[PDB]
């Protein structure tokens, strides 16, 4: 009744990654491709089962494993995946990531939860092709009031997929009211499409708020909608938020107005802005985009980070705290440490490593997917003898 099962044969000796729960197979690791595009079973050289997933040569990864046990990629399968995801996020409040792609056994799907509204992103050909199957499953398990789709245009384009933005189900407000620990950020959907909201900094934002003392001065660089700055203000500190996105600063402005809190705002670029500040500030926070495409780009990126951190440290009060985050898998903690050491040497400052943090639980770091870890943060305190 059906066409023959699509079956992929993995090169001998390259099946170990799949057996060890790494979901991606590239072209050179496939001994024999399936006789078409779609849901496929992967087997080893001796024909033993390895995975069921999606085969499509047009995808950046030709085979992405969806499951590591036999079975279909049907409605019930997706129901179980979303049920697992939901359970993993129990007690994580109302604003959190629900689905973090392959780490949640759902390659190419990101789902963020803001109260009763979901915002999702589809990043791979397999997940796009299975949309008619998994979406009803998602709606059934979560039962949201509405679902919005945003697009990583370049990610879609690299997968040969069209951009896709809009309400996919139910009702989504024109202004998404993102709530985090009593703070409400009114984010217009246009901004939600372009950027979104950085749920991955939630635990850093909580740690930061507990450290702020009334009367202190805070510099929140790459602030976006000002999660850090607003918390500083709530604690009685003076905060200056810096971002090049005027739309994002507009949200921070409104969010601060709602609470009768005063936050200073600078619309401008991080490095030029910091070069024009005198300081000092008791906390300086840096959350730069650190786009690294190739490893050879790393020394140049680290030199730029040194320029930024040198200004940040110059602006740092005695015994103050400097927060340096990187959201690239290619930029390791060791690289951040090197950057900090170079900047400190330029200024003759002595620093202590106060905390090192990694992305929170709703953005799972899988042991088996080395690139699962992308966000890490180095918190330094000025430590004079």
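Positions refer to the first chain, counted from 1.
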{"item": "Residue stretch of maximal mean CA temperature factor, 163-171 vs 215-223", "value": "163-171"}
{"item": "Mean temperature factor over C-alpha atoms, higher-scoring stretch between 286-294 and 115-123", "value": "286-294"}
{"item": "Highest recorded Cα temperature factor - choice among 349, 48, 352, 332", "value": "48"}
{"item": "Candidate residues 35, 69, 41, 319, the one whose C-alpha B factor the record puts highest", "value": "35"}
{"item": "Record-listed C-alpha B factor of residue 153: chain third", "value": "highest"}
{"item": "Lowest, middle or highest third - CA B-factor, residue 185", "value": "highest"}
{"item": "Entry-reported Cα temperature factor of residue 310, expressed as the chain third it lands in", "value": "middle"}
{"item": "Residue 357 - Cα temperature factor, lowest/middle/highest third of chain", "value": "lowest"}
{"item": "Entry-reported Cα temperature factor of residue 379, expressed as the chain third it lands in", "value": "lowest"}
